[PDB]
Each structure stands twice: as C-alpha cells, then as structure tokens.
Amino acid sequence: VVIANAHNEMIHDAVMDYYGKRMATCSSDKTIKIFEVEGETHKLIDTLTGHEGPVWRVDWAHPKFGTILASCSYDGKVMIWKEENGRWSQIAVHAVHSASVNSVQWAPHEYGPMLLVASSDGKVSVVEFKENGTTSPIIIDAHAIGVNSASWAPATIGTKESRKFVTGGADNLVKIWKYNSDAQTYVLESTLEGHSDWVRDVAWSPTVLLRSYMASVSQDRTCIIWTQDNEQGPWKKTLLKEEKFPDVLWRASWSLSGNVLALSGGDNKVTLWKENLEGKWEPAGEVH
C-alpha cells in the first residue's frame, strides 16, 4: 500500500503503532501527521504542530498507556502527544538538550512509560512521567561529538539493575549502558569499536533466544552485528557482509520474530537479512 504526498517537505520517519494499524510521520515541514491505515486505504487524522525545526523521529508508546506518541527534532526538544477521543494534543515536553535530538524510544512496557533520548550534544537522557504529569530526567554524557541513536535492550526474562540500552555516536563508538542502583543512573558496560566513521543507528534485537543481537549501522558504509552469549562476557564483532555497501547506512530494524534485519541505505534501498548455520548473514528474501 502507498500513501502518496503525506507531506510537502521530506519525511524522515514513519512508524506504525503496536497494532500495525495507525501510523505517524514526521518531516522537515516540522509537523507530525497521524494516519489510520486499513487495507489499501488510509485516512489522515491530524497534524501535530509545536516543534520549531525538522522532526527527525517518532515512536509509539505501548497501548496500555493509551494512544501516545513521542517525537524529537532539530529544535532540541522531545514532545509527547496523546489521542483522547479522536483528537490529539501535546501533553508534555522534554527539553534538556543544547543541540538536536536524533532519537527517542519508549522503553519496554514492564518499565512503565519511559523515554530514551539521544542528542547531538553528546548526551542521552532517560525520562519517565511523574504522577502529576511533569517529568524527572536522567542525563549522562555518553559520546564525544554527538549521539545519533539509542535503542533499549529487551526486558530481562522487575529488578531495575537489569535495564540496558545501546547508543551510537559521531565518535564512531557503539556503547552499552546498564542501570546501577548505587550510582542512581546508567553506567558504561562496554565500548564496541569497529566503525571508522559515525554510527548512525543502533538497534537491539528483541529476539528471545540464548544469544543477544545488536546492529550498528555507519557512515563508513558498514553494518556490524554484535553478539553476546554471556551476560558479563565480551561482544563479538561480525560484519553483515565483507564488502562496503554502495552508500551510507541510516537505520537497521529487527522483526518481532525470526530475527530478520532490515537495512536502509543511501541508495534509498532496503535489504533484508537473516543468519545461517555458519553464523553468517545472507539475504532473507529474493535479493536484488
């Protein structure tokens, strides 16, 4: 299905909701448009205004918290929106960054409604919502030059110390952070070297089987698949494929099941990958 001309300016992110029925899009026009997609039919519900610059990404909160969406933008703010009775309205704002905010991701639901935020100021902020409504955020210096992405690890399978998330920055590193009670915040677990240029995205696989999988995608035109078998053990570096991709890679995304990766590059192409016996990666559906 296609939804043509959703915006006039370039669209930077399009994310469906927990049901794969509703969808949000953000653009350089500075708005977020919400659509309801049925079969091969769709309907624009509303346009969200408020941001003062391009909107880079958006994410949907788990349904048990209601119909909520988070957005981040060049303006350095994260805005929270909600749909109450077919109508949307800004319900909160997070603005602790001195530069562009590049990603925002809702935490696994068991954790309550939490927001992981990455900014070009070099910091990451973790935000939850008080009973009253406002927010109390955790701020950490995570990368020199900038942070471009931060993705949550799946919830361990209610202890808070087991919460981890991975970041990727313009210093070429991929980092792993874990919450520590004593420190009252997230602390550095590992630093993963393997890129020669800015990491543009990192995604942790939700896969529920022995090994943990994370993917870093870079300006150096590579995709690394990190794996770990032991909780405190080292992460193994495995190039998605031996040769550089035609262009820069911007996003990586895992399937809910099957552990299938979907890569997005500069040649505006999207490749699907799966892991074989040899523990290596190959196309998951009719290559092109």
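So that there is no doubt, residue numbering starts at 1 and follows the sequence shown.
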{"item": "Of 190 to 198 and 203 to 211, the one with larger mean CA B-factor", "value": "203 to 211"}
{"item": "Which of 86 to 94 and 147 to 155 has higher mean CA B factor, as the PDB entry lists it", "value": "86 to 94"}
{"item": "Given 74, 129, 106, 165, the residue at which the Cα B factor reaches its maximum", "value": "129"}
{"item": "Residue 237 CA temperature factor, ranked by third within the chain", "value": "lowest"}
{"item": "Third of the chain's Cα B-factor distribution that residue 54 belongs to, per the entry", "value": "lowest"}
{"item": "Within-chain third of residue 257 by Cα B-factor, per the entry", "value": "highest"}
{"item": "Third assignment of residue 125 from its chain's C-alpha B-factors", "value": "middle"}
{"item": "Residue 110 - Cα temperature factor, lowest/middle/highest third of chain", "value": "middle"}
